[PDB]
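Peer 1: Residue numbers (PDB author numbering), protein chains in the order written: chain G, 237 to 457; chain F, 237 to 457; chain H, 237 to 457.
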Amino acid sequence: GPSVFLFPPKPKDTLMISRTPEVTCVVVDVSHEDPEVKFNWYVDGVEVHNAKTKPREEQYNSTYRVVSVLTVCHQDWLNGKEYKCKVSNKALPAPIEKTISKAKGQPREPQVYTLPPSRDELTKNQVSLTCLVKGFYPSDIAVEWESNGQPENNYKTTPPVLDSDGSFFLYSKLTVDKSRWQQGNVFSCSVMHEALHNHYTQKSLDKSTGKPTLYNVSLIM
Amino acid sequence: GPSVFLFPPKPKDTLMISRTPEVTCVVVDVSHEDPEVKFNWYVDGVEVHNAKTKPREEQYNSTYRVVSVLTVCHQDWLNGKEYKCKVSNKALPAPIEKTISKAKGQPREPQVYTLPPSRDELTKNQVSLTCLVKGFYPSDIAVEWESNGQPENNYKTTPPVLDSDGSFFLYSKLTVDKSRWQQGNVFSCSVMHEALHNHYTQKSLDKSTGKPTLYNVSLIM
Amino acid sequence: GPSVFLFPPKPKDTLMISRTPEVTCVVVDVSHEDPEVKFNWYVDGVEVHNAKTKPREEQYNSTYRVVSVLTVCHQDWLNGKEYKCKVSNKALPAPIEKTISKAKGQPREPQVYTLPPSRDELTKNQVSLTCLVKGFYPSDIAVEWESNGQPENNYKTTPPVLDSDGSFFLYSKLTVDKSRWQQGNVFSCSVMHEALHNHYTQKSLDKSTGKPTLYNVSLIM
Ligand SMILES: *[C@@H]1O[C@H](CO)[C@@H](O)[C@H](O)[C@H]1NC(C)=O
Ligand SMILES: *[C@@H]1O[C@H](CO)[C@@H](O)[C@H](O)[C@H]1NC(C)=O
Ligand SMILES: *[C@@H]1O[C@H](CO)[C@@H](O)[C@H](O)[C@H]1NC(C)=O
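#1: Let me know the secondary structure DSSP gives residue 255 of chain F once reduced to three states.
#2: Just verifying my parser: in three-state terms, what is the DSSP assignment at residue 387 of chain F?
#3: Exposed or buried, what is residue 300 of chain G when buried is set at 16 or more other beta-carbons lying within 10 Å of its beta-carbon?
#4: Only counting the same chain, and skipping five residues up and downstream in sequence, which positions put a Cβ closer than 8 Å to that of residue 362 of chain H?
#5: Of all the CB atoms in chain G, is at least one closer than 9 Å to the CB of residue 352 of chain F?
#6: Distance, Cα to Cα, residue 404 of chain H vs residue 329 of chain H?
#7: What is the rounded straight-line gap between the Cα of residue 347 of chain H and the Cα of residue 373 of chain H?
#8: With a CB to CB cut of under 7 Å and the five nearest residues on each side skipped, what residues in its chain are close to residue 459 of chain H?
#9: Ordered along the chain, which non-local residues of its own chain (more than five positions away) have a Cβ less than 6 Å from that of residue 293 of chain G?
#10: Counting only Cβ pairs nearer than 9 Å, list the residues of chain G close to residue 409 of chain F.
#11: Mind pulling the chain F residues with CB within less than 8 Å of residue 357 of chain G?
#12: Mind checking the stretch 437 to 454 of chain H against chain G and listing, in chain order, the residues whose C-beta falls within less than 9 Å of any C-beta there?
#13: Could you tell me the distance, in whole angstroms, from the CA atom of residue 338 of chain F to the CA atom of residue 314 of chain F?
#14: As a quick exercise: from F/240, F/457, F/245 and F/446, pick the residue whose alpha carbon is nearest that of residue 354 of chain G.
#15: Mind checking if residue 261 of chain H is an interface residue toward chain G, Cβ cutoff 9 Å exclusive?
#16: For residue 253 of chain G and residue 320 of chain H, what's the separation of their Cα atoms in angstroms?
#17: Based on DSSP bridge pairs, tell me the residues matched to residue 325 of chain G.
#18: Three-state secondary structure (DSSP) at residue 449 of chain F?
#19: In chain order, what are the residue ranges of uninterrupted beta strand (DSSP E) at least 3 long that sit wholly in the stretch 351 to 426 of chain F?
#20: Rounding to the nearest angstrom, what Cα-Cα distance links residue 419 of chain G and residue 444 of chain G in this structure?
#21: Relative to ligand 3, is the shortest distance from any of its heavy atoms to the C-beta of residue 454 of chain F smaller than 8 Å?
#22: Using the beta-carbon count (16 or more within 10 Å), is residue 241 of chain F buried or exposed?
#23: Find the nearest neighbour of residue 310 of chain G within the set H/281, H/344, H/260 and H/256, judged by alpha-carbon distance.
#24: The alpha helix (DSSP H) spanning residue 311 of chain H covers which residue range?
#25: Taking DSSP as the reference, what is the three-state secondary structure of residue 443 of chain F?
#26: Hey, is residue 456 of chain G's beta-carbon within less than 9 Å of any beta-carbon in chain F?
#27: Are residue 334 of chain F and residue 316 of chain F close, meaning C-beta to C-beta below 9 Å?
#28: Can you pull the DSSP bridge partners for residue 349 of chain F?
#29: Tell me whether the beta-carbon of residue 268 of chain H lies closer than 9 Å to the beta-carbon of residue 298 of chain H.
#30: Would the C-beta of residue 450 of chain H count as close to ligand 1, meaning under 8 Å from any of its heavy atoms?
#31: Which residues of chain G have a Cβ atom closer than 7 Å to the Cβ of residue 256 of chain H, listed in chain order?
#32: Residues of chain G with a CB under 9 Å from the CB of residue 421 of chain H: which are they?
#33: From which residue to which residue does the alpha helix (DSSP H) around residue 248 of chain F run?
#34: Could you tell me whether the Cβ of residue 390 of chain G comes closer than 9 Å to any Cβ of chain F?
#35: Which partner residues of residue 438 of chain F appear in the DSSP bridge assignment?
#36: Does the beta-carbon of residue 438 of chain H have 16 or more other beta-carbons within 10 angstroms, so that it is buried, or is it exposed?
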């Protein structure tokens, strides 16, 4: 009857400290005649019952969106511990189990190059800052933006694209007020990837990124 | 029960006169006992005979795949003509009428900007050239790289991504060797979208464009 | 009789995800008459028996010095959760309970400024890079040196010093060869602090960071 959908945690809440990691073993299409879904967890074999019991959520099509969330510590998740999720349901003929861990494979150091806007874009009242993050592995990666140590929110991030060499790459455009950009403000693009040292790196740009030694040869007629 | 997958025309072919759109209805999962299938084309309810049928190929799973392509006028697709492929077979109780047409989404023109590689990437053996396309609507765009008219092959392109203004945007990275880059080869990225004037535009770069040094001329009065 | 010194994890380990933090429960002046040691740990009163105990060793003073390493996850120490170590020694009148936790107080975001080497440094073969870090709170902070994504080891860091306004400040001197610094090799300062956004900040520092040399040419014909 009911099916099971397993979701690995996002890179954001497992690659950095102040957001806890949590694996999302979800059960779907649980009908009204068997609302009980039992949550059992294994992390590299040892049974753990510290998961939080999210109560059942009804659905429009008379099913159940019941979610099992397992609290994790970051280091062991980085070690690829397998999450055996044991779920037993009355309409389920047997206890259905699913497994997931860290996406294995040789990690690649994500080279981060932050590119300035093109000169022709400076005509428009809004300006775009781009952050190429290329040559990484796996696709688990997050990119944010910040200026003066405070995050920005008018940015978007394109999904990763497979590269020829077996790596991946992605871009992220931060659109800000052009007035804030011409004032010499500094913008820094943050990259959180497992291969990085301390699982974090940063690069920055300013208005005066490409510039000689201030040869301000100005002609007035 | 055989099913039909309908191919919309590629945006590049619809928006380029030299190329041509190919609306195609694809018939799959046809048992070998009854591979006789006929297609009835109705362009706004008009039976048309121009359809061409390619040779059929057997699938690995002991089913058959008989295909029929249809070259079409550019204005007919650009004006949202209703396209119907009526699939008839002895193994289907009812004909399949899948209709395909272009959307009426108010098209907003893009604003192509392309950026030279960052100074950090100049050290690596290969540089990356990005052709950002921003602000367009709808999401049908093909981006092509080339140098001196020869279309470059080794390049990738991110899928269109929604923005905060309701439009779309995308990038495209070209894997060009650093040795070819430093000689100043001129590379041009091509943007093909229906909202453009003539439905085509391009931007070309060189080391001179976006050079790290810039004599700040400030020709003012 | 025997005494107990309790030590917190080093700021680097608790401040970055790459390493592990340990709360140390040292027992000193442990006589050979009753070498019995018992290690208990309360995490907000929650007993945990995951601790690792190193074997005993002999000092100059005819006693052992055993320790109790306790491996914890970073968010728990960063949450201010209380920790306690109980050691039951027969000679002492009662087993001694010692508590430890995060140094509380309103967090202050560190401000990072990089100062290029003085004009007197180019005479010597090894210039000094200074990463001023000031105006933060509390004194748990790690500073590392990175060049093109790789750490440097020829660096030192002053302990935090009380400032005028109650905050702390510390510097860090990275010694590089004058050839590398004069080659335009990029250098940046990494700061691990609990009050920073994503617990990380970086500041670029180069020859181009200095050398403003306003070359202001004008022509008013
Ligand atoms: C350079 O000249 C321009 C044009 O006169 C002026 O606006 C600008 O302030 C000058 N900058 C410097 C650093 O002298
Ligand atoms: C470069 O020239 C432009 C155009 O006049 C001017 O606005 C800008 O301030 C100049 N840059 C510097 C650093 O002076
Ligand atoms: C540079 O010179 C320009 C005119 O050439 C002047 O407007 C500007 O104020 C100067 N900037 C300085 C001296 O910083």
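For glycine and all other residues, C-beta sits at the position ideal for the given N, C-alpha and C.
Peer 2: The relevant details are as follows:
#1: For the purposes of this step, residue 255 of chain F is identified with residue 19 of the second sequence, where counting begins at 1. Coil at residue 255 of chain F, not helix or strand.
#2: Counting from one through the second sequence, the residue named residue 387 of chain F turns up at place 151. When secondary structure is reduced to three states using DSSP, residue 387 of chain F falls in the strand class.
#3: Your numbering for residue 300 of chain G matches position 64 in the first sequence. Residue 300 of chain G comes out buried.
#4: Position 126 of the third sequence, counted from the start, is the residue given in the question as residue 362 of chain H. For residue 362 of chain H, where only same-chain residues beyond five positions count, the Cβ hits under 8 Å are 411, 412, 413 and 414.
#5: Taking the first residue of the second sequence as 1, we reach residue 352 of chain F at position 116. So yes, residue 352 of chain F belongs to the interface.
#6: Residue 404 of chain H sits at position 168 when you count from the first residue of the third sequence. Residue 329 of chain H sits at position 93 when you count from the first residue of the third sequence. Answer to the nearest angstrom: the Cα atoms are 41 Å apart.
#7: Reading the third sequence from its first residue, position 111 is the one you call residue 347 of chain H. Reading the third sequence from its first residue, position 137 is the one you call residue 373 of chain H. If I take the Cα positions, the gap works out to 11 Å.
#8: The requested residue 459 of chain H does not occur in the structure, where chain H is confined to residues 237 to 457.
#9: Along the first sequence, one-based indexing puts residue 293 of chain G at 57. Excluding sequence neighbours, residue 293 of chain G sits near 301.
#10: Here the question's residue 409 of chain F lines up with position 173 in the second sequence. By Cβ distance, chain G contributes 368, 370, 397, 399, 405 and 407.
#11: Here residue 357 of chain G refers to the residue found at position 121 when the first sequence is read from its first residue. Those are 347 and 349, listed as they occur along chain F.
#12: 437, 438, 439, 440, 444, 447, 448, 449, 450, 451, 452, 453 and 454
#13: On the second sequence, position 102 is the one that residue 338 of chain F refers to. On the second sequence, position 78 is the one that residue 314 of chain F refers to. Whole-angstrom Cα-Cα distance: 7 Å.
#14: Residue numbering aside, residue 354 of chain G sits at position 118 when the first sequence is read from its first letter. For residue 354 of chain G, the nearest C-alpha among the options comes from F/446.
#15: Locating residue 261 of chain H in the third sequence gives position 25, counting from the first residue. Not an interface residue.
#16: By 1-based counting over the first sequence, the position of residue 253 of chain G is 17. By 1-based counting over the third sequence, the position of residue 320 of chain H is 84. Taking the straight line from one Cα to the other gives about 23 Å.
#17: Here the question's residue 325 of chain G lines up with position 89 in the first sequence. Secondary-structure assignment with DSSP links residue 325 of chain G through a beta bridge to G/273.
#18: Here residue 449 of chain F is taken as the residue at index 213 of the second sequence, counted from 1. Coil, per DSSP.
#19: 362 to 372, 378 to 383, 391 to 393, 404 to 406 and 408 to 413
#20: Within the first sequence, the letter at position 183 stands for residue 419 of chain G. Within the first sequence, the letter at position 208 stands for residue 444 of chain G. Using only the alpha carbons, I get a separation of about 10 Å.
#21: The residue labelled residue 454 of chain F in the question sits at position 218 within the second sequence. At least one heavy atom of ligand 3 is nearer than 8 Å to the Cβ of residue 454 of chain F, so yes.
#22: For the purposes of this step, residue 241 of chain F is identified with residue 5 of the second sequence, where counting begins at 1. When all chains shown are included, residue 241 of chain F counts as exposed.
#23: The residue labelled residue 310 of chain G in the question sits at position 74 within the first sequence. The shortest C-alpha to C-alpha distance from residue 310 of chain G to any of H/281, H/344, H/260 and H/256 is the one to H/256.
#24: By 1-based counting over the third sequence, the position of residue 311 of chain H is 75. Its alpha helix (DSSP H) spans residues 310 to 314.
#25: Translated into the one-based positions of the second sequence, residue 443 of chain F becomes position 207. Residue 443 of chain F: coil per DSSP, three-state reduction.
#26: Residue mapping note: residue 456 of chain G aligns to position 220 of the first sequence, counting from 1. So yes, residue 456 of chain G belongs to the interface.
#27: Here the question's residue 334 of chain F lines up with position 98 in the second sequence. Here the question's residue 316 of chain F lines up with position 80 in the second sequence. Between residue 334 of chain F and residue 316 of chain F, the CB-CB gap reaches or exceeds 9 Å.
#28: What you label residue 349 of chain F is simply residue 113 of the second sequence in a count that begins at 1. Looking at the DSSP assignment, residue 349 of chain F forms a beta bridge with F/368.
#29: Start at 1 with the first residue of the third sequence, and residue 268 of chain H comes out as number 32. Start at 1 with the first residue of the third sequence, and residue 298 of chain H comes out as number 62. Yes; because the gap between Cβ atoms is below 9 Å, this pair is in contact.
#30: Reading the third sequence from its first residue, position 214 is the one you call residue 450 of chain H. Yes - ligand 1 has a heavy atom lying nearer than 8 Å to the Cβ of residue 450 of chain H.
#31: As a first step, residue 256 of chain H must be located in the third sequence, where it is residue number 20. Within chain G, the residues near residue 256 of chain H are 311.
#32: In the third sequence, residue 421 of chain H corresponds to position 185, counting from 1. Counting only Cβ-Cβ distances below 9 Å, residue 421 of chain H has no contacts in chain G at all, with the closest Cβ about 15 Å away.
#33: For this step, residue 248 of chain F is matched to residue 12 along the second sequence. First-last of the alpha helix (DSSP H) with residue 248 of chain F: 247 to 250.
#34: The residue given as residue 390 of chain G occupies position 154 in the first sequence. For residue 390 of chain G, the answer is yes, since a Cβ of chain F falls inside 9 Å of its Cβ.
#35: Position 202 of the second sequence, counted from the start, is the residue given in the question as residue 438 of chain F. Residue 438 of chain F is bridged to F/426.
#36: Counting from one through the third sequence, the residue named residue 438 of chain H turns up at place 202. With 16 or more other Cβ atoms within 10 Å, it is buried.
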